[PDB]
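As structure tokens, the next two blocks hold two forms of the same chain, structure 1 and structure 2.
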Structure 1
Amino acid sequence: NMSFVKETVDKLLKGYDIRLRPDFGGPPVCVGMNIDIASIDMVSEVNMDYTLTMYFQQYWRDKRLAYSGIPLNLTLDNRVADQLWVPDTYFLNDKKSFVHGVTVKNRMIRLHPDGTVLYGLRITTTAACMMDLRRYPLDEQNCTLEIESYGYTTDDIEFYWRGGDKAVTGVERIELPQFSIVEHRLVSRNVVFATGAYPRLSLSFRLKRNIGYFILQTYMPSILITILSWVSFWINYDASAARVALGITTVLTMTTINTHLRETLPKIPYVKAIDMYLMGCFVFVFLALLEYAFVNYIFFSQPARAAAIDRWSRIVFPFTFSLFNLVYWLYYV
């Protein structure tokens, strides 16, 4: 008999003041939270953010909504959420978020006989995640999502994860083109602003960028060109045209491939690691050309000294390049 249920619902909402939290003037109301992650679409290095779609569900007991005589869960139309008190939960590190509204607003209100209220939403958010790209592309990131009450302090509302470490689900099925999720963590704490102490929940993922075709295509050409630039020392004074052609080719080819590589790197204006590596390779080819120039100049007056300098370079250049590669590997790998 839907008439009896309608009478019960109208009686519950009669004299219901939405401007007062449950147990107003008394103990704080405990709100439990569950998150079901659906996808993580884009983790933008340029914009320093990531997109996240979730089913966000909250639970709280309200004594004003306790009904008797109906032994069933009452799943009400989502518009009833406009007549009930709901927590003012918000995210602190989001830049633009929306609740889906097709075909209707994705919102769920479920009342239980003991006054328990379950309030569910489907939310797509763009959360800010600062990144330390100084180790690009061998970088690791820690992206967090923060949850807090906007108006009620810990004297009025308390947050907690409903289910301990098994509250947030679906992270394992999340797949990304670049990164791979290694760990996720849940934290509950209190944050003290100048207005008071508010509850805080934090869901933090750790991402590790993959390694593949791009790692080879950004180092191997440059190191191969730098290695090939050392054949200049083993060429005698005869066939010096080959030496000049080799030096010019190394310079031109390295510059061309460096530009065609930087055309694909993320457009952020600060010093990464690959940029320093490419600068080091360019400095090496420049030094090789300068050494060739000096040897050629002093060749006529002191041929023995020029030959000795070439012999010295034969050992010096690979050793210094290996030493610099070792330093780079220690500092940035």
Structure 2
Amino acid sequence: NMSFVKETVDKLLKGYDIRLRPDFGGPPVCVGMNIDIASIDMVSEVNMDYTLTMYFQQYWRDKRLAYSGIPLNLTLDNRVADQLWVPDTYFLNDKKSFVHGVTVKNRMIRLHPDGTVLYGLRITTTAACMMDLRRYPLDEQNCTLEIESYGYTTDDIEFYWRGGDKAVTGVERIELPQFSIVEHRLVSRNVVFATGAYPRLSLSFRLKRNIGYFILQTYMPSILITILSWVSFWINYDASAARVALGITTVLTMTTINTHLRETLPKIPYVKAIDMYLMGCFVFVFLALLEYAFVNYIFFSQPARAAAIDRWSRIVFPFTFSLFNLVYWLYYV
């Protein structure tokens, strides 16, 4: 007995005017929002943005779509969304978004007997997030998503989170290799432009950067190379081959790791903490190479002076490097 259902659906859309919102000319229409975050993709420090995949649901009431005699919540083919009024919700800070369209458009329309409409989309959006990378890689960021109505002011529409603090789901299940989410917060307010006041919802995450990878990749190799460059002062000056190889290899490897890291680093107009540490380590290893070159020249004529310089360097270099580490790790922590 699908004839009854088809007749009801035809009657619903018979005199329907898509150009007018529900309760046009009267009180505003309430819209409740739910978000289920499926995943959070790359958080780019270069592009200053992040990517978000979410199931985005909107809930409202339209008295023109009320039907009786059918004790069912009619899920309809998503193409019927083209014949109905839906809110013009947009994201203010998004650079590039799309709705998934395999195998068909990822869209859901569900009607309820009293006229309530549930409208769901599956959206992948890249959103702009400005990052302060001065404490990089020990920084804490805050990235938001703004949801607003483009055309209808607060006289025509009003948003709210459907469920209070439980409106957004799935934040606790997100795993990011470089970040750990500390908190997520929901805000609702009004934003005033020259054309009027509009309702705004804001979903924000406070991201904290994990320090394990940078230790395993940058800090530990730099410290290891800087320490290894000190082996020269413990080698007799007659063994010139070993000392020359130590100096050249340490300088070359320091430049190698510096370039490999700086390729991943964003081309920002300021100097990060990791840059300061790497430049200090390079200065230390180059000074060790220069000290050996000077000692290697004057050993032939002044053995005592060369031995004294090596003996002093054995103490001077570790002490200055320890002080540099103390200054750095007190400034940035």
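One-based numbering along structure 1's sequence throughout. Think of the rigid core as the biggest set of C-alphas that the two forms share within 1.5 Å after superposition.
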Legend entry - Identified hinge, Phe214, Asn106, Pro266, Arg79, relative rotation of rigid parts between structure 1 and structure 2: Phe214
Inset, instruction - Tell me how far the smaller rigid part swings relative to the bigger one between structure 1 and structure 2, in degrees. - result: 20
Inset, instruction - Align on the rigid core first, then pass along the CA displacement of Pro87 between structure 1 and structure 2 in angstrom. - result: 0.1
Legend entry - C-alpha positional change at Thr320 between structure 1 and structure 2 - rigid core reference, Å: 7.6
Inset, instruction - Enter the rigid core superposed C-alpha shift of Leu290 between structure 1 and structure 2, rounded to one decimal in Å. - result: 10.5
